[PDB]
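Residue numbers (the authors' numbering), protein chains in the order written: chain A, 3079 to 3198; chain B, 3863 to 4347, 4374 to 4645; chain C, 1622 to 1986, 1997 to 2020, 2027 to 2389, 2410 to 2474; chain D, 2717 to 2957. For each residue, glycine too, the CB sits at the ideal point set by N, CA and C. What follows is a single structure, written as structure tokens, with notes after it.
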Amino acid sequence: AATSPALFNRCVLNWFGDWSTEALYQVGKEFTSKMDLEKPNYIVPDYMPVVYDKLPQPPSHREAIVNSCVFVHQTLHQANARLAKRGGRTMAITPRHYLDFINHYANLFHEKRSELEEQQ
Amino acid sequence: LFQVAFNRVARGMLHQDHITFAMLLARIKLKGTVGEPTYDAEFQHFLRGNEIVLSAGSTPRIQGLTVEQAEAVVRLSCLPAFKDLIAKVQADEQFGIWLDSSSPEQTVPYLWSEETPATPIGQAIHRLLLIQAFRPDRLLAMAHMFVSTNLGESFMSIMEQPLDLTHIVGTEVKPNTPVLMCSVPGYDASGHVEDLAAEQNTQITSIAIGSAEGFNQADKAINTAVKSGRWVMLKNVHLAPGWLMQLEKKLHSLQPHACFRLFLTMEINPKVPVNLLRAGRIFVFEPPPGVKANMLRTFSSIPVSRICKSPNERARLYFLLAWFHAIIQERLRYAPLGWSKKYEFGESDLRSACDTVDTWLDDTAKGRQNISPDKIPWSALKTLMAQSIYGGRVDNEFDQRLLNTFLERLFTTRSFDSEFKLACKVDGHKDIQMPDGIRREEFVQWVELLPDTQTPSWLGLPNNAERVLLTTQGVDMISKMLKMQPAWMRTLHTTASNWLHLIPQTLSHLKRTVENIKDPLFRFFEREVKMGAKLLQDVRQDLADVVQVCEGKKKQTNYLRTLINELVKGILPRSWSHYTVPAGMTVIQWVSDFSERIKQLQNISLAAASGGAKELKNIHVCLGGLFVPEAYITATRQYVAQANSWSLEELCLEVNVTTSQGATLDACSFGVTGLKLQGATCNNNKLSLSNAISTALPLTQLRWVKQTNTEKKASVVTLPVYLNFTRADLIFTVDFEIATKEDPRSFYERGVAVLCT
Amino acid sequence: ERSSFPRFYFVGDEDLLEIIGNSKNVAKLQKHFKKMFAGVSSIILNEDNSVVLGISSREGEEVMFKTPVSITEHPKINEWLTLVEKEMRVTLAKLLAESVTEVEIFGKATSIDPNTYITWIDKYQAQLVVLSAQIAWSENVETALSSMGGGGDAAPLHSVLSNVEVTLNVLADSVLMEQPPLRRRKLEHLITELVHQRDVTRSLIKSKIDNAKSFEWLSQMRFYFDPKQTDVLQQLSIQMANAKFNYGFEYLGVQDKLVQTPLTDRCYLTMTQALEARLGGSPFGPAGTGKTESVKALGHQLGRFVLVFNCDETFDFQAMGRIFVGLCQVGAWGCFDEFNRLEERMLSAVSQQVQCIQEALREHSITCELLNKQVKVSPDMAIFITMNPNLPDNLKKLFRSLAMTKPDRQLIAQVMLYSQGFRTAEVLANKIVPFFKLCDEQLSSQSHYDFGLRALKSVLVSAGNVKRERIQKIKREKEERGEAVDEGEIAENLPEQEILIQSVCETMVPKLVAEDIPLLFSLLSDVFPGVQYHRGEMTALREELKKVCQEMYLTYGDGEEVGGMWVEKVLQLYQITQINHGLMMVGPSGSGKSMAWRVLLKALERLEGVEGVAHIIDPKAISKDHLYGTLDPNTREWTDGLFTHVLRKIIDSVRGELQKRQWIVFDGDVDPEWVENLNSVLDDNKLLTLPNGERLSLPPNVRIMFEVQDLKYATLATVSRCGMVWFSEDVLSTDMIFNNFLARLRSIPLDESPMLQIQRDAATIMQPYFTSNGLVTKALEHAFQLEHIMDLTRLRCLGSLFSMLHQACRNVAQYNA
Amino acid sequence: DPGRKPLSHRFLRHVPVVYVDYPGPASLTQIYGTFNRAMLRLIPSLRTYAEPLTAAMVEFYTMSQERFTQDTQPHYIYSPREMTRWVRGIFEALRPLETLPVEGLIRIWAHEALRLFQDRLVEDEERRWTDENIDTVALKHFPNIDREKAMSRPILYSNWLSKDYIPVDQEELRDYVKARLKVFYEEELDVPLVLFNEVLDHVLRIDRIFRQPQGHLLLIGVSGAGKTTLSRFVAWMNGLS
Ligand SMILES: Nc1ncnc2c1ncn2[C@@H]1O[C@H](COP(=O)(O)OP(=O)(O)OP(=O)(O)O)[C@@H](O)[C@H]1O
Ligand SMILES: Nc1ncnc2c1ncn2[C@@H]1O[C@H](COP(=O)(O)OP(=O)(O)O)[C@@H](O)[C@H]1O
Ligand SMILES: Nc1ncnc2c1ncn2[C@@H]1O[C@H](COP(=O)(O)OP(=O)(O)O)[C@@H](O)[C@H]1O
């Protein structure tokens, strides 16, 4: 703003920010659709650690894993904020990190299944 | 692990830092021991004892103890194991013989009271605290004993032996890793490694680093030696930092022959890149202390042929020159006392002095086998070695006077007599006797025959100077150990709050008035109160902003950010320091000094407000507290000149030191307090040499009198008045009368001076 | 080419190209001589411009060759240049021989005739007469010591001291009466040298030295001239201590003599010892202690020319490299000033090159590799490096050090007072030096304050000038009533403290703020008790000021009356114009500086009859290259800059402007970028040096001033080198502004008369509101208490108010129409 | 202000300075009531609502400028330029609407307020504050209107499906942009993008600004959130290279 006034004089700005919990949940569901985490043995816990706002009242296994992924991303953000508060050096945690996490999940699940389900 | 770690790492340390690392090792092993208590509180006090704030009434003034000893006793008495220290000191009778004993640390009495018997390490740490409190000079020797108690008696025994190049180079060093031989200025380590190579029948290539052609020879030599396996040498590589960085990156990607050895001899300066220091083994070389060692080094450096020339007295002159150079160089270690600053009395000035001696001896004695001692151009050598050589670096007037004193005492026709005293009362009645020989060999035998008990009295300084150096090194080791061991904002808030409580609240400006304006003392004091009030308001506002940030209600701006950084690191903010301050002073000491100065300025302000200029003249003021003291002396001179209708230049300053109670406030007299005289004692305005570190002057009267236009008596000595113990500010010069049988030259040599604080 | 006769190798590739392509037109070669010769600014030829008749200094002193050099016989540039240099050296040697013989005739005499002495002084150069006096005194002392070699004998050295005393007396008599400026400088230098010789002879007498080989005599700089020596260069050998230097005999020209204080004597001894041991010396110390000029005077005294570099942040290699290796080839000394200011890489490069040349010089105790070239290094080389606190690590073992902690300002003042002809000079010095110490310490710190040794020198020179002016005034008075004229009688009955006080107040009071004036008065009362002064207020100039203010509608006041402060400031500006050529009108914007000089110019025009026109130049708005002049990189064409153009116009005397008074005022901010070129003009040399080498002499009637609002960022050299007047805001109170507004409205019509009557009526109606402590003044005082989006300036509000009242008058005019 | 340097006192002496501050609430009401009266002539049946509408825009603008001060964020500046942009956008939206009830006017007004004073916010709490306060202002100045239709939470305006810039439902917009994204995959770089409602809002805003001449953006957000991807998508879809 100080160096260049035109960037704030007439140019409009849009605050993308970061993907919300809803966005992360949608990414997790859409990306992790090929993998089959449909587990009938799943039982609904008395306490469910909800982090997605519109989570269906009965959590399915796929809903549970996507919710856990969003929770993991939120805990990374919280830990990064805590290190920032403590004064230690910090590195931003981008949604690209979440995409890479989903891709690595897909890869690990695919390889472990491809071997040990062949053994199945 | 412990022994090899200390032996390897200390090889790359200055000798003054070996004890710090040994103490760190002892602390690590103490923590490692499971049965031994942590001693966290004991070490906490041993490192941070000086930070405890005391009061005048907090010192009961125990007989037989100095004031500093008194605060040291009372501050350490806070420990639960040392609560009964006062009564035991009062009751004990052997305490007197122990306090002034030569080595009190060897037989420290059992004072601390405990419920259960102490471990030997606990006894050692208790005695260490006792030594630090009572005799801080012996702190180094007691730390050595403590480490020996922890890590074995012979832990440091390896350091005293000369460093064995053969084993450290043959094995335990990688050919890729360069050997860094870092020496302090005035020492070359090439001889050791050259003798190593000669004894190990290895052809070594030595190339100096002075120009791009030197870079070329270095590159070709290393490229040959990497494959051939010979040893290669680079000298004075501190001249080229960027090229040294390039050499480091070259050595990073290189696999040499098993016998390849890259030696880097260099001077210890910060310009050396960090990467080489991290990627190479470092060895530190220092010149051994001792006048004997310096004389031996000087004699070895000079070729034997030059000393033995046609005039047989040239050897005598060279010996006198070598002794003088040893005396000057050794006084450097005692920097606050021996001189005013760390001059660079290197080898080059010694070479120039030898050249001057040769030229003048050849000119005076034109190819004569013998020459009469009186015919020697003594005046020529004295003046040349006072002004051109050894004096060009001398900036202070009093240092140049000291150099004149040394040259007059040493370089004289009376030196050539067998009864000449090269030094006086080095230890009681005994004094150094100059050799009667006429050739170099007898002088070499004499210097190799010195008792090696080189007390500071050899240099002419008082024998307590070595104790002062030991105390300074002890405080240095304390500081280094302290540096070796979010909550930071909380403790910063705590210290800011305490300082805000300590510092006075405001300062009141003086009331301007025309007759006060005419008075010069009022002008000086109103300038002083203006400066003090402005700086006090700035400091108070800065502390208030710091506290405001501490609760988080204020954001840390760039000015606030740098101030917070300085406070956390303990370095004084540049904004706070507007008056001259000793360089080594820490923030807490600066705050205490500022508080005392504001207290004095409040006193002077209320005194001026109660009366006026007439009462302002008759005030006793400490010059150390005043921001600009020479302004105060000038103001007193102006006041007396205006009062007596005399011109300013025709006035001279006289000093009458008396007790505060038994003093007369004449029309031309101004009271001065806080002056401390070091190196002597003054009674009835007569100086007397003493071994005391400093004698506080009760009350100094500054009297301005008309110029008598009479030469000062031979018993009149001029003493500098420094602002602080650093001796960086020359405020003015006083004139005192010495007692009978006293030598003003001895006063000059012992560094007697008056200190504002 | 340049290898042979390396004396012209100082100049660059540019000047080499011009001197090669333009060898025939010798009239255009003066620039190269000005670059490379010391004082010689021009070469004297005949009408045919084919034979070298003589050389001329920048001041005007000329030296004619005994055997002129003919350029036609030696068409080659280097050959005839070498002949010119050799002829100059040999002719200076012949002049030195004649002058030393003449002064030896003057020597060993009970009394001397002033007329013959002045004739001898005029015959030879200042450098030549100083050297002749030094050899005469040295030979006298050597003879006296040779007679004293017996020991325990009557001392004729007392007679030598008495001879020095009597010639010093005739010098002190010769300076009171008016003398030409060149002869005045000669007398000043000669008095300085004779004072030093008298002091050292007194020291020798007190020491009772009886041997010529005694070191107390050897430590003094002794001069040995050998007429029998066949080589003119080796005829004069300078000896001090164990070191030897052959006098170079280069024409250093009439320069500023440097007095040899004991600090300077120690510097001489240290540098001489360093040179004998074949290594340079480093006179480190704080700035303003004479570190550079000690080296310069040592070079001047040995007949060597020194190159004083400026080691600023913006420093060059190629010009530095060529000039420095030119020193290496020539053998002339080169001095570095503020060697620490150089950047680290700059530092390392210069340290490496000087290390190589120094080790080569020690090897000579011969060529060295320089700029990928072999350079013949003469034995007579010296390289001196001044620093402000350390020496680079590669040079610590190659150079001797020396501390310039403090000059002996007391002796400095004493010797300069006695040079100006002041009696009781010791008392005046012992008063003035502590007085400036008090001024430096006790007075309030200001950016524009400068109370250094240069201030002492300028003040004392001005004191000498005003004392001479008072002597002339008393002489004219004595010729108008009575006839018995005796300069000694006027000197005796003339007081001296009052003149020094008046000079101090004339040179310094204009630079003080309003608060510091009583402080300065108290300092005068403390140092000079019971003695006071009255400024000679220019009553005729006061009448001219009141008339010019009436016609320019400005007010006029006297003393405490409305406008008195501004009138006094104008008078001080006139005084500083009289006693200086470079002015510094400093003060907050709105202090009235513009008409503070405009009204003064108009008053001087209407009083003295000398019409004046001012050239108001803005330096920051224009480009510096266009300000001073541009030199094309390729076509090498020189186009005069604006300041250069106006100087060329003023010198050309096209329309009689030399008779005219002219004021080139540099209104606008000043920064140490353009004024560095002007650092050649504010000095008493008074000339502008252009990059092409052409220099323009500053005409006496040209006065240059810089209407700068603040001097926070200007260098101290510019501050010290020009007179400066402070214009505090309190000089202009709002009442003057109101009165000027009312007069401007009343007399001049607004359109360019009915509406003039309108303006008069309106001004009459609002007269009660614009009086002192009126409605407007109170509104302004309350308004200043408020806050504003921009910085609040009084004249901003006043100008807006006046413009809006003018709009009201226009509205009245339109309504009436 | 940052990036602004104080001027020379010598220069200021000759130059008077007048402080042209922000227009007062009464001045804003007058000027934008004139604009709104000129605005609503296109729809005569809706002309009578100009006076309360202008008052509502002024009231919301006043509290937005008192709330999001420059201290909180460097880009939190409010000026009559913003409300002029509001007026221009509302006129552009009402131009194609030959007929419209008051509910549509309220919807467009809320849409433009969200696109102007709600995007620059950084904190979710600030955005929720803006939504609550726009609801309060709309109900305060238009009491005789239904909340569900006039201020339906999915305020999505697009000209992609319909010819005009009339409000669009989020689901139909999502389907259309999904088809366009499939075309984007088959033609341009094939990177899978999921379509959450934030993408819908962002792409609508980006296309809106690109459609407007001299459309210049300052995309601010954590790297990898999709700023460049969405910019490329909009540029390709609008034909911009
Ligand atoms: N003697 C006087 N009588 C009346 N008015 C005066 C007098 N002297 C100055 N002024 C007024 O004061 C102002 C001085 O203007 P001037 O341009 O000289 O200011 P300055 O101090 O040189 O400022 P700057 O640095 O901006 O040039 C003018 O408005 C002028 O009319
Ligand atoms: N010995 C001296 N005699 C006369 N004037 C001196 C002497 N020393 C210094 N000065 C004056 O003081 C100033 C010193 O300037 P300079 O030599 O540049 O100081 P430095 O060398 O410390 O930077 C000059 O104006 C000079 O006229
Ligand atoms: N709506 C979305 N759904 C899924 N992935 C997305 C979405 N938007 C962006 N991405 C991912 O972001 C990546 C590109 O990031 P990019 O837009 O270049 O970062 P930035 O926004 O910092 O410029 C793509 O690989 C893409 O997978």
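From which residue to which residue does the alpha helix (DSSP H) around residue i run?
i                       : result
residue 2508 of chain C : Because chain C here runs from 1622 to 2474, residue 2508 of chain C falls outside it and cannot be looked at.
residue 2181 of chain C : 2176 to 2188
residue 4209 of chain B : Premise fails: residue 4209 of chain B is in no alpha helix (DSSP H) and is neither H nor E.
residue 4019 of chain B : 4019 to 4022
residue 2864 of chain D : 2863 to 2866
Mind pulling the chain A residues with CB within less than 7 Å of residue i?
i                       : result
residue 2951 of chain D : The contacting residues do not exist; residue 2951 of chain D stays about 15 Å from chain A at best.
residue 2925 of chain D : 3090
residue 2902 of chain D : Going along chain A, no residue has its Cβ under 7 Å from residue 2902 of chain D, so there is no contact; the nearest lies around 19 Å.
Please state if the CB of residue j and the CB of residue i are separated by a distance shorter than 8 Å.
i                       : j                       : result
residue 3105 of chain A : residue 3171 of chain A : no
residue 2333 of chain C : residue 2324 of chain C : yes
residue 4589 of chain B : residue 4624 of chain B : no
residue 1661 of chain C : residue 1678 of chain C : yes
residue 1954 of chain C : residue 1925 of chain C : yes
residue 2730 of chain D : residue 2456 of chain C : yes
residue 2938 of chain D : residue 3096 of chain A : yes
residue 4018 of chain B : residue 3967 of chain B : no
Return the first residue and the last residue of the beta strand (DSSP E) that residue i is part of.
i                       : result
residue 2884 of chain D : Note, residue 2884 of chain D: premise wrong, no beta strand (DSSP E); not H, not E.
residue 1671 of chain C : First-last for residue 1671 of chain C: undefined, no H or E at that position.
residue 2933 of chain D : 2933 to 2937
Against residue i, what residues of chain D qualify as contacts under a CB-to-CB distance less than 7 Å, listed in chain order?
i                       : result
residue 2391 of chain C : Here residue 2391 of chain C is not present, the numbering of chain C passing from 2389 to 2410 in one jump.
In chain B, which residues lie with their C-beta within 9 Å of the C-beta of residue i?
i                       : result
residue 2030 of chain C : 4047, 4098, 4100, 4101, 4129, 4131 and 4133
residue 2159 of chain C : 4405, 4406, 4408, 4411, 4526 and 4530
Would you mind telling me which residues of chain C sit closer than 7 Å to residue i, beta carbon to beta carbon, in chain order?
i                       : result
residue 2735 of chain D : 2446
- Message: Could you tell me which whole beta strand (DSSP E) segments of length 3 or greater appear in the stretch 2027 to 2090 of chain C?
- Response: 2037 to 2040
- Query: Whole beta strand (DSSP E) runs in the stretch 4500 to 4545 of chain B with 3 or more residues, listed along the chain?
  - Reply: none
- Message: As an exercise, report each continuous alpha helix (DSSP H) stretch of at least 4 residues that is fully enclosed by the stretch 1846 to 1924 of chain C, in chain order.
- Response: 1853 to 1856, 1883 to 1897 and 1912 to 1922
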